[PDB]
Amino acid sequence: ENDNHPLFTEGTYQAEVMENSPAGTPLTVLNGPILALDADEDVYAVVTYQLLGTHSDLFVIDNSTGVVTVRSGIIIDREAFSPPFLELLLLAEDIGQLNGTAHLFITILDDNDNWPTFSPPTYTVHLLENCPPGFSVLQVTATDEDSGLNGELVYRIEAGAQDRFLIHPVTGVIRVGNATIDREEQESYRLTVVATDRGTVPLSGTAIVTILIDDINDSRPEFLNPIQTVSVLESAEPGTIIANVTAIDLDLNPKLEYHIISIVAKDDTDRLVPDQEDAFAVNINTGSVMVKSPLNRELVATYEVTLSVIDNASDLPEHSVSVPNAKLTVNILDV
């Protein structure tokens, strides 16, 4: 009376389950329901299903209906199966222990469950100032363990760039935008850069980027006290300090030197007096200006002193002396 054994409707069943599906979630089975048929009559025609194989442990099968569901006490993770493909053996038994087989081929679908991740999370990089537009500063990289659009990453700067830095959305190369990079304008930058996936609930991971502007000595010394007039007793002896010129250089390691470059002497009748180059000296380091020759209103009533400062450490000649020069008028007073 048991002249037949069970026999599945298809020889391979193709099925898919979304990862992180909760327990009891049924398989989505693309080619009909799992079904086995035994052509005996009566009691010898009833079947009981088993599910067998390497990752059978992740599932349970109703032995009456052959429906397959996510076992409880387990979590299915697509990042733990490479390829994302599972192969299982369906077995069908009648009451005499006669068999039928078919094949369950299961694809784990992808859930956007992994964050774009920066390793390292932080970047510190030196960039020399006066760099041309488009100079590559660095490249940041993130990794997302998901795949398809869930793993594909667009880079962006959320803030800190100040319109002086741009980032290529794909490569993650950070480069210089339109504006120039002057260390004296700003000596560092902190960027919050963001890598974001394209899952339908997009996930993001961020990275701190610190950018450190190295110095070229490219900044000219500037007198803080560029015009003065001082009246000086005709009885002021040589060595007497009468004025002090001071300049400031915003580069990292200036060596400032102060020079008198002209002295122009005038009569109380306003005509030039020649060869008065030696009337005043200037301390080369402090900018302290002293009387140097003996004085007299009757010989020279006024001196126009012109004073300049040079950074010796300057890396560009064109930004190494003062503009303007310091001007000190000196006016002699009778006794």
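A residue's number is simply how far along the shown sequence it sits, counting from 1.
Engineer: If you take the mean CA temperature factor per stretch, which one wins between 279-287 and 29-37?
Structural biologist: Between 279-287 and 29-37, it is 29-37 that shows the higher mean C-alpha B-factor.
Engineer: Select between 244-252 and 135-143 the stretch whose C-alpha atoms have the higher average B-factor in the entry.
Structural biologist: The stretch with the larger mean CA B-factor is 135-143.
Engineer: Taking the values straight from the PDB record, which of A45, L51, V309, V305 has the highest C-alpha temperature factor?
Structural biologist: Top of the list by C-alpha B-factor: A45.
Engineer: Considering only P238, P221, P226, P169, which residue's Cα atom bears the greatest B-factor as recorded?
Structural biologist: When the deposited C-alpha B-factors of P238, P221, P226, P169 are compared, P169 is largest.
Engineer: Compare the C-alpha B factor of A326 with those of the other modelled residues in its chain, then answer lowest, middle or highest third.
Structural biologist: Answer is lowest: the recorded C-alpha B-factor places it there.
Engineer: Going by the recorded CA B-factors, say which third of the chain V335 sits in, lowest, middle or highest.
Structural biologist: Highest third of the chain for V335's C-alpha B-factor.
Engineer: How does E184 rank on Cα B-factor within its chain, lowest, middle or highest third?
Structural biologist: Lowest third of the chain for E184's C-alpha B-factor.
Engineer: Would you check the entry's CA temperature factor for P294 and let me know if it's in the chain's lowest, middle or highest third?
Structural biologist: For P294, the deposited C-alpha B-factor lands in the middle third.
Engineer: State the tercile, meaning the lowest, middle or highest third, of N99 with respect to the CA B-factors recorded for its chain.
Structural biologist: Middle third.
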